[PDB]
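Chemist: To start, I am sharing the structure in question, which I have written as structure tokens.
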Amino acid sequence: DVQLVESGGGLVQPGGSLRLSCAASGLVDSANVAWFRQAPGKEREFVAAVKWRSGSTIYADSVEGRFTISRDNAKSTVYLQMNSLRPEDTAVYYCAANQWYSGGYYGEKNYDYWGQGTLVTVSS
Amino acid sequence: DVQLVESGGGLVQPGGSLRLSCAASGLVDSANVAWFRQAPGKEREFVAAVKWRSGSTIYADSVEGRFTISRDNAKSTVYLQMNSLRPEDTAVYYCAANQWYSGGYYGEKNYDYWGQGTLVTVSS
Amino acid sequence: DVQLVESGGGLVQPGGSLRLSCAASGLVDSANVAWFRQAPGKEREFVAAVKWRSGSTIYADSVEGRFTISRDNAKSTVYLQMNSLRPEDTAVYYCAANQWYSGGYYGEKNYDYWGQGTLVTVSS
Amino acid sequence: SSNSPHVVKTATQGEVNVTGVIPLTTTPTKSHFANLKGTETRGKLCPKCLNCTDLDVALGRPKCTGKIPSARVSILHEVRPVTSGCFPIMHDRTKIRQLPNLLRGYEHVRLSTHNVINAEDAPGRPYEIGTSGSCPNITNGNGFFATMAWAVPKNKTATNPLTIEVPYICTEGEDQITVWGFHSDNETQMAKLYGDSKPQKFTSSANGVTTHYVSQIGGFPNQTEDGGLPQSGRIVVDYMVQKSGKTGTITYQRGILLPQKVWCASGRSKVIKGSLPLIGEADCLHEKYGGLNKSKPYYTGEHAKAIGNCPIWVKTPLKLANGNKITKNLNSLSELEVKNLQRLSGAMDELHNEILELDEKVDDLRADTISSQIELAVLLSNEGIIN
Amino acid sequence: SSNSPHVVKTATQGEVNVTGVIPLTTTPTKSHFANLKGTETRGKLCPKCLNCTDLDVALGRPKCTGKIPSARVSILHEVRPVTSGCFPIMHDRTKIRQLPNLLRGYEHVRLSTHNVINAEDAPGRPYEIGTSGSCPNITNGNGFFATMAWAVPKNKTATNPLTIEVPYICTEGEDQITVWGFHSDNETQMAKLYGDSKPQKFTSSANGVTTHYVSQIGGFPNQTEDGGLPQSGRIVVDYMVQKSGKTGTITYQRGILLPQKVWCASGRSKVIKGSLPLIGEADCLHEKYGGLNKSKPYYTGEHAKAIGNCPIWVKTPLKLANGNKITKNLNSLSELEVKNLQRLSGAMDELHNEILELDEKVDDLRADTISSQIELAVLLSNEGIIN
Amino acid sequence: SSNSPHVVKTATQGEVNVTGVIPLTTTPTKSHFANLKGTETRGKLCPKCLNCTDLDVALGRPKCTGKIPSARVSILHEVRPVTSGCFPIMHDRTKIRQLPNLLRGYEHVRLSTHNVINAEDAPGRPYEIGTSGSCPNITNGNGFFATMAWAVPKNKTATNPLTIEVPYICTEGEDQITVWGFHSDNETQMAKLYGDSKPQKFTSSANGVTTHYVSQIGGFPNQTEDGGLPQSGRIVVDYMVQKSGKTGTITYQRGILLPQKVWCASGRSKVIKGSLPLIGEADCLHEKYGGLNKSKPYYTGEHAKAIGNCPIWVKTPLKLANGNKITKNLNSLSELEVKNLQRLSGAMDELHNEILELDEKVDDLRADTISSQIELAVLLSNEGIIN
Ligand SMILES: *[C@@H]1O[C@H](CO)[C@@H](O)[C@H](O)[C@H]1NC(C)=O
Ligand SMILES: *[C@@H]1O[C@H](CO)[C@@H](O)[C@H](O)[C@H]1NC(C)=O
Ligand SMILES: *[C@@H]1O[C@H](CO)[C@@H](O)[C@H](O)[C@H]1NC(C)=O
Ligand SMILES: *[C@@H]1O[C@H](CO)[C@@H](O)[C@H](O)[C@H]1NC(C)=O
Ligand SMILES: *[C@@H]1O[C@H](CO)[C@@H](O)[C@H](O)[C@H]1NC(C)=O
Ligand SMILES: *[C@@H]1O[C@H](CO)[C@@H](O)[C@H](O)[C@H]1NC(C)=O
């Protein structure tokens with residue numbers, strides 16, 4: 001099994017910046033890690049994904065040119081850098097991973113290991 | 001449902017020309033229309049087909065360089081121009097169509113809507 | 001049915017050369033012919049294969065650069081030329097063939113017609 | 001070309017920066033289901049049959065028998081359909097709940113006009129056709145399902161198993177579905193109605209498929225999905241399908257609901273599962289994204305079954321290099337043709353699970369293969385555009 | 001190149017005019033079926049067995065028992081095979097009609113030389129093996145099928161269900177098919193033969209597959225596909241397949257046709273359906289175009305299953321640009337290699353319909369995928385030729 | 001480039017001489033099976049249950065009941081698993097041998113803590129739960145399987161068939177497997193125990209799947225796979241699976257082993273067949289090559305199912321032209337991504353043969369398709385490198 005812990009949440013004014021972190025232990029050279037978010041009253045939606053080996057990035061249209069994902073296998077952590085936040089981004093973010101390549105990069109059934117969650121709130 | 005009516009049949013000497021017509025109402029931007037013919041004592045054989053949207057033409061080997069197919073979505077009709085008819089072309093022609101792409105362009109199972117029929121006779 | 005007979009076996013010192021032969025009668029223009037070998041106490045392993053029509057050669061890694069395969073449809077025989085033999089090559093070789101292309105070129109299930117076998121011994 | 005914030009992939013040179021791209025992918029959003037444009041879409045089995053479900057129509061409810069219009073594309077909404085209320089039925093002891101979904105897969109569905117069996121001449125006669133006022137006919141009164149005949153013997157004795165043959169009673173090329181069952185009650189009531197108080201054994205054979213059933217006498221489960229009337233007994237209902245020209249055999253004992261009007265159907269209807277009601281019009285019907293209108297050749301998201309003028313699923317956001325050659329390559333990629341994928345229309349969720357699992361496996365493998373082919377085509381196209 | 005009435009498609013530049021093409025497609029024409037060149041093709045099950053069909057050989061008719069030659073490629077001609085005349089059989093009440101098609105899928109098929117069960121020592125003894133002169137043996141006289149033993153008790157009483165175990169009686173690695181059945185007549189005759197006038201119940205288990213049967217006493221359907229002799233009763237015949245080292249169990253009552261000589265077979269034979277007789281020689285056997293001789297790498301028409309040196313289906317008329325580079329990649333397109341498609345050889349038309357539907361679905365999907373790959377290859381090739 | 005003993009294929013120019021290649025294929029060697037790196041691999045069902053097999057755990061042997069850890073990847077080692085000794089069982093008369101392989105396919109497997117049926121209140125009461133000292137519990141004494149209750153009536157009379165309903169007794173979304181059976185002995189012993197000496201008839205229905213069984217009285221086969229104790233009788237054991245929220249029905253007579261603690265499981269576990277013990281660590285688990293460590297993107301040999309960080313099968317030894325462009329597309333070819341293949345996890349070898357044959361056909365067709373795609377990609381890559 002692997003451990004996923006998320007840190008870096010808080011409250012930020014709309015127009016600033018924020019960075020999330022996720023520490024994963026036990027990943028192999030074929031793993032994939034992704035970020036999710038769940039607005040209140042809605043289901044989790046794909047945000048971004050990066051490959052643990054080569055570092056190929058997949059970013060969803062809603063959050064592109066603004067979000068970015070990267071990993072550092074030396075420190076065994078994956079980051080999510082946020083720029084130009086808007087009040088529609090307030091949700092609970094999650095860290096997900098799987099050992100080997102699955103049917104697709106989108107959806108919840110493709111990823112197997114799930115993190116507890118962090119709270120991000122945007123307000124003026 | 002769509003309606004297919006064929007007109008323009010008759011008797012023509014061998015070596016002349018003839019044009020068929022077929023009016024289709026209710027076709028969508030992904031439909032396909034084809035022409036058939038059935039000689040007496042034989043089964044229907046593919047003659048031609050054209051794309052209702054892009055206008056790509058598929059001609060059977062027996063009819064190439066002599067037949068041609070075209071459509072006019074402004075008038076909602078599809079034509080079949082015949083050149084250099086020979087006494088082996090005497091048959092009953094049919095107009096067929098389907099709503100979306102199917103397994104193949106040849107055969108009767110792929111097409112769903114069937115026109116009533118027209119009689120073409122070639123003799124000296 | 002086709003007939004496969006192998007000839008040319010014997011004893012050779014390590015560092016010499018040897019050529020095998022296999023006469024096949026009844027092959028069609030889509031057949032495949034391959035050579036095998038079985039060391040004492042082991043299972044048969046792929047050695048080489050050639051196309052009966054085009055003459056495309058497939059060699060296993062242990063036998064490359066040194067072995068070579070060729071066919072002569074005029075004489076209806078297939079040859080196996082051996083160069084720089086080593087004492088690990090001592091085994092019982094076989095001639096195999098099938099009529100049409102099967103799932104793969106490696107293994108015994110793909111080939112259907114089996115030759116009786118020949119004995120090759122390498123010693124100083 | 002020169003430095004720019006837009007990057008594209010190539011088959012040979014890999015990542016390359018270009019001054020502008022043409023997106024080819026879009027992530028749809030879940031929406032309601034709409035009528036398919038250009039095709040009559042089947043929702044409810046009998047839309048003009050009011051206050052009736054699909055199982056009520058399939059079993060032949062007295063007050064909502066009607067013509068079933070033909071349809072090429074159909075929608076499955078109830079994985080476990082329910083009745084709207086007639087004589088109580090043990091729904092879970094047989095495969096009867098999947099009969100409406102089986103009829104849903106046939107393009108032309110109709111009910112026979114003549115009885116395939118004369119119930120008064122069946123073995124075990126003399127019979128009187130009993131009836132109950134649980135579900136009434138057009139004029140308030142006792143009735144029963146149109147596809148069965150509750151045969152109550154006039155002579156009240158126990159009988160050995162009896163055999164009857166079900167002939168093919170409609171046009172060739174139309175698979176015939178025969179609906180039958182049996183009735184059970186408690187001890188004294190069966191002793192008064194049929195003359196015996198022991199469980200009865202039933203079986204039926206068709207195309208080599210054989211089932212066996214034994215009735216229950218005593219404590220019954222609470223009535224469910226019925227018009228509320230205190231009934232001490234309840235019935236078990238099954239069905240058997242016969243192909244073209246093939247007859248069927250039924251063995252039975254006291255308390256048989258003999259078939260009267262069978263369904264025989266022909267054609268093939270594209271079945272995709274979803275939810276009611278159908279609101280509006282849509283170019284494509286996606287099994288998870290609802291009614292979608294095609295706007296771009298490809299889409300990214302959760303791959304599933306679709307029917308109609310649908311885009312093709314891909315796994316990553318593809319882009320086309322920009323900045324007449326570009327226009328020529330855009331139509332070529334937009335004009336690729338891939339056939340769509342639907343349910344087997346003959347494999348039931350309750351009965352055939354391994355076949356459905358293999359079907360979804362094949363679906364995923366095809367999705368991956370087509371996605372890889374599309375990605376290769378896009379790399380070739382934009383590599384040609386750059387050069 | 002320059003202006004010309006010949007056009008060729010390209011992967012990048014699309015349509016372009018070329019001064020000559022090399023066609024790669026041809027539409028075949030339905031023809032008779034021919035023997036496959038280089039392979040012994042199985043038509044009739046026993047060609048040297050005269051005046052007997054496949055169902056006559058499978059059941060072991062007295063006057064046409066013979067050796068079944070081995071074959072790698074086989075032809076299916078009768079979807080519903082019939083008998084040429086012996087004791088009347090209720091064909092449609094079981095799955096017996098598909099036994100010849102099941103044996104058709106095995107490369108090596110042979111009949112056992114020893115009885116797998118000693119009929120005189122079976123439970124319910126003493127037995128006397130009755131026989132009827134409906135189908136006679138080599139010398140005109142009473143006979144019966146070689147795979148059964150009609151056991152008529154010497155003591156005429158009713159019996160409770162009895163159990164017998166069918167052992168594995170041939171070489172390991174060969175699936176064994178056991179053929180058995182039961183016999184029924186009208187009331188007085190069955191009372192005189194067996195001592196009871198009530199229907200008898202039969203069942204059998206093998207590899208977890210269980211069937212149940214109840215006999216009929218009284219009105220019988222008219223005799224069909226039998227040597228015309230007035231018979232007041234008839235028999236029901238079934239079969240079970242046992243894998244390697246697995247035994248089978250049979251429960252029975254009065255009127256049992258105990259198995260004597262079972263079929264056990266090994267190997268795999270490619271099965272494609274068609275029509276008899278086989279006339280001539282052909283490189284490829286197409287399921288709809290008959291015996292075809294390969295002349296060009298690709299063909300256009302109705303795609304179906306094929307065995308042998310066959311071309312590969314495409315959806316559109318492909319052309320190769322012309323006018324050593326052209327010859328260099330002409331063989332490369334001609335040397336593309338694709339595996340063939342055949343029937344499952346274990347899925348029966350009558351019994352397994354959903355699996356066959358999934359098989360046709362995956363066949364269509366593979367046809368489309370291979371056609372797309374071939375079209376892409378041709379566009380790449382002629383684009384390279386033009387440049 | 002110039003003359004050299006290294007040749008590479010191209011999509012357009014065909015064969016060409018290059019001054020060096022980078023091999024991309026390697027033929028592996030059959031090796032033992034190792035634990036999958038990064039994933040907990042399931043070998044034995046209960047590793048901490050000593051002196052017990054998978055069937056012993058599945059049937060609930062008295063001295064080796066324990067918690068079954070959850071696993072994502074599992075290994076199948078016994079195609080026909082055996083027992084390590086308790087009351088003798090007729091293993092081949094039902095489908096019981098495949099129950100451990102069925103539980104192997106579920107990620108989370110656990111045993112219920114409460115009895116789903118109160119055995120003393122079942123129809124036919126009063127019952128006394130008999131037991132035999134063939135397989136003992138923690139303290140040396142009489143015991144029985146934890147998933148059954150051998151109900152011996154206190155009143156010794158024959159009975160008509162009785163009905164009991166098996167409710168859903170665990171969390172929703174977990175398929176529930178109910179294990180039951182019946183017991184038989186010889187004539188005098190059954191007359192002393194149950195009061196009747198006639199064979200008893202049993203049946204069970206669940207999700208439309210129905211089975212029928214008749215007991216045997218008399219000569220029994222020799223005891224096998226049991227703790228050696230001279231016992232004149234033996235039991236038949238079966239199981240039925242119920243989906244979410246669906247109950248089951250069982251009809252029975254004297255000598256019923258009523259279910260007590262059912263298995264209900266959830267999730268999906270990747271199942272691949274192999275051999276024990278698991279020795280060491282391996283990146284990939286190949287069904288025929290054992291535990292393999294990935295070293296090159298592609299491999300040549302006998303294609304089969306694999307789980308993990310595995311290479312992709314190709315039919316011919318591919319080579320990449322050599323002598324930053326070469327490195328640029330070396331990673332691109334190494335970064336191709338294909339979904340892996342496993343067993344259906346619900347299709348049993350003994351029961352579902354046609355489905356498995358279709359599965360292997362689909363696997364072979366996909367192998368060929370991906371091999372062709374990879375070859376085309378390699379030709380495009382090295383053609384670009386040469387130019
Ligand atoms: C309706 O049911 C009543 C009940 O007795 C019966 O008398 C009447 O004939 C039925 N009418 C129709 C049209 O079925
Ligand atoms: C059986 O059903 C009848 C039908 O009304 C009911 O009156 C009776 O109470 C039930 N029970 C018994 C034991 O008769
Ligand atoms: C043929 O049948 C007759 C019928 O009585 C029998 O006497 C004879 O032995 C049989 N011969 C063979 C060779 O089966
Ligand atoms: C029963 O079969 C026998 C056989 O010949 C026949 O004579 C008789 O008429 C049949 N019917 C009855 C009622 O016995
Ligand atoms: C073990 O079996 C004996 C047999 O009589 C019984 O008395 C005892 O209660 C059982 N103990 C447990 C823990 O099952
Ligand atoms: C039946 O089983 C009992 C159990 O011990 C045994 O003693 C007896 O010999 C067996 N046979 C008979 C005919 O009772």
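Numbering starts fresh at 1 for the residues of each chain in the structure tokens, the chains themselves are lettered A, B, ... in the order given, and ligands are numbered from 1 as they appear.
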Report as a ChimeraX atom specification all protein, DNA and RNA residues lying within 6 Å of range 57-73 of chain C, evaluated on only C-alpha atoms, omitting residues in the same chain fewer than 4 positions from it.
Modeler: /C:47-50,77-83
Chemist: When the cut-off is 6 Å and we count only C-alpha atoms, which residues of chain E are near chain D, given as a PyMOL selection string?
Modeler: chain E and resi 12+94-95
Chemist: Could you pull the residues within 12 Å of residue 192 in chain D, counting only C-alpha atoms, minus those fewer than 5 positions along the same chain, as a list in words?
Modeler: residues 152, 153, 154, 155, 156, 157, 158, 185, 186, 187 and 197 of chain D
Chemist: Counting only C-alpha atoms, which residues of chain B come no farther than 12 Å from chain D, as an NGL selection string?
Modeler: :B and (1-2 or 25-31 or 51 or 53-56 or 98-105 or 109-110 or 112-113)
Chemist: Which residues, written as a ChimeraX atom specification, have at least one atom at most 12 Å from residue 166 in chain E, with only C-alpha atoms counted and residues fewer than 4 positions away on the same chain left out?
Modeler: /E:115-119,122,176-180,204-206,240-242,245-251,258-262 /F:93
Chemist: Pick out the residues sitting within 8 Å of residue 5 in chain B, and hand them over as a PyMOL selection string; count only C-alpha atoms, and ignore anything fewer than 2 positions along from it in its own chain.
Modeler: chain B and resi 3+7+22-24+95+115-117
Chemist: As JSON, numbers by chain, please: all residues of range 7-94 of chain A that backbone DSSP puts in helix (DSSP H, G or I).
Modeler: {"A": [61, 62, 63, 87, 88, 89]}
Chemist: Residues at most 10 Å from range 274-277 of chain F, counting only C-alpha atoms, excluding those fewer than 5 positions away in the same chain, as a list in words?
Modeler: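 So the residues in contact are residues 32, 33, 34, 35, 43, 44, 74, 75, 76, 77, 78, 79, 285, 286, 287, 288, 289, 290 and 291 of chain F.
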Chemist: What parts of range 36-118 of chain C does DSSP call strand (DSSP E or B)? I'd like the answer as a PyMOL selection string.
Modeler: chain C and resi 36-38+45-51+57-59+68-72+77-83+91-98+113-114+118
Chemist: Tell me which protein, DNA and RNA residues are within 8 Å of range 97-111 of chain F, counting only C-alpha atoms, leaving out same-chain ones fewer than 3 positions away, and put them as JSON, numbers by chain.
Modeler: {"F": [45, 54, 55, 58, 67, 68, 69, 70, 71, 72, 74, 76, 80, 81, 82, 91, 92, 94, 239, 261, 262, 263, 264, 265, 266, 267, 268, 269, 270, 271, 345, 346, 348, 350]}
Chemist: Counting only C-alpha atoms and all ligand atoms, what residues are within 6 Å of ligand 6, given as a count of residues only?
Modeler: 4
Chemist: May I ask you to write as a list in words all residues lying at most 12 Å from ligand 5, with only C-alpha atoms and all ligand atoms counted?
Modeler: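 Sorted by chain and then by number, the residues are residues 61, 62, 63, 64, 65, 129, 130, 131, 132, 133, 134, 135, 136, 137, 138, 139, 140, 141, 142, 143, 144, 145 and 146 of chain F.
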Chemist: Using CA of residue 51 in chain F and CA of residue 278 in chain F as the two end points, give the distance in Å to one decimal.
Modeler: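 Rounded to one decimal, the two atoms are 17.9 Å apart.
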